[PDB]
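Two versions of one and the same chain are coming, encoded as structure tokens; call them structure 1 and structure 2.
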Structure 1
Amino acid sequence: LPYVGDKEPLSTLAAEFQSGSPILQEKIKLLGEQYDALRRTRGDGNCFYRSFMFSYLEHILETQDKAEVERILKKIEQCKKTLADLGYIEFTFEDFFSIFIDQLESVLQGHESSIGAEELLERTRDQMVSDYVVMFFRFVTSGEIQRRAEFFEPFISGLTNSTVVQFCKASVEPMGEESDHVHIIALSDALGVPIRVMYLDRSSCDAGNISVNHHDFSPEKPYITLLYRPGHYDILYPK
């Protein structure tokens, strides 16, 4: 149950399917040709948000991309503003914004806070930091969906039978509420960070010619890459 696991080789993935489906054994073989390792994330409602959190912060840790940090802080300001224009009172989201902004700056090396891979791991492995950051991402997602209620409405009405506003309050904002495609499009646009989702299931339309397919979210290979198996996200590391 650690919110985010140690780096494992893909052999542990392949051991889960070793005695089972040949399609999956092959897809995992093929996934090994592009990805070295995975980080399992705990399978609660927030696995996509937790995967994203850690993958992005690890990206800024490893890259020291100060320009990416500036850029995303602008996107975060504009989000702050749209939640303002939507009647959200600051005391309902701005604490989440402050916690995340501070994580982001702590991952930049050079100054006092400055943390390394291990303290980032324990921070995202500690309920009382990880959860606040999940919530930050949920509020950015909610903001982005309501800002575009008209575009997302036909997809949301079919997903749930809710209104966009309903959806936002019952499906996006609360802790634990599972995310889906709408959530991902919204967060990726809202923050402007690309995501590659490798889809690992048993589908095989072309017998004997197997590939792993993937869906790209792009507002330049996505530096966030997630493993998805119907129902659950972990983090992938490319070669």
Structure 2
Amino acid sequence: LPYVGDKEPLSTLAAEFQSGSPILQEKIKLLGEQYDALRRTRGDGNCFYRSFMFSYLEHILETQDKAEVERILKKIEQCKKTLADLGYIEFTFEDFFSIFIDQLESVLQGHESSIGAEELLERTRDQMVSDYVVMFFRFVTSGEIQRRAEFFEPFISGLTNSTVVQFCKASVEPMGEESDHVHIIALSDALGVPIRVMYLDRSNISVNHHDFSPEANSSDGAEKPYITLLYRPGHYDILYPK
């Protein structure tokens, strides 16, 4: 029931699908040879954003990579400008920006408002913080898609049969609309953080993956991502390499 779960061994995912498709069972087995743990998110249609929020903040907490925080803060500030250039007035998003930025600061150590791993998890489980951080990612993702509407247009109208702004208002901005590859391209482009997604689906049997990053998403043609997510229909969970 919590928004973000505790770390589990991959064997619990394996037990969960012990009567499932043999293809899925073998992919889970392959997953367990490279990954030590899994962290689930509640399946409410915000899983990609919620799993990204936790794994990213936890990554900063554990690495104390202050230079990475400074980098994303610069990107976050330019996400504010893309939203303003599209006509979003600041009161529509300012609370989403300030709450996420507060978590970025809180997870860096050495000042009055620093927090630890337990309080971070506590905050990602609190709706009045977790949902605001999710809405930040949704607004940042929506702005990046609209800013590059002409580039995204053929892909969105091949997937759906709607315009770009239609897609953003219907399936990016509202809470509970689960993310697809268009969300993940736009978010990783907007924030500049690579994301590895492992696909636990029915396609030799292997677990397909894709690395989303400003470099990999470029149409002209790096470092392995430090965020790894597991995708199933309706689910994005956090994977921990071994």
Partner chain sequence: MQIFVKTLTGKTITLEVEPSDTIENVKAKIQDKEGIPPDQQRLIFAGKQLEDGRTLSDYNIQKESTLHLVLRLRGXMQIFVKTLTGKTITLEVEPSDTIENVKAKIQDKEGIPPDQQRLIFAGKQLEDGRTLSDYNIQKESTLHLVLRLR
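Whichever C-alpha set is largest while still superposing within 1.5 Å between the two forms counts as the rigid core. For numbering, take structure 1's sequence and count from 1.
Shown as structure 1 is the form deposited with the partner chain bound, with the alternative form given as structure 2.
Annotation: Cα of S21 displaced by at least 2 Å between structure 1 and structure 2, core superposition. Core superposition places the C-alpha of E8 0.6 Å apart between structure 1 and structure 2. A C-alpha shift of 2.0 Å is found for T160 between structure 1 and structure 2, based on superposition of the rigid core. If you overlay the core, the Cα of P230 moves by 2.8 Å between structure 1 and structure 2.
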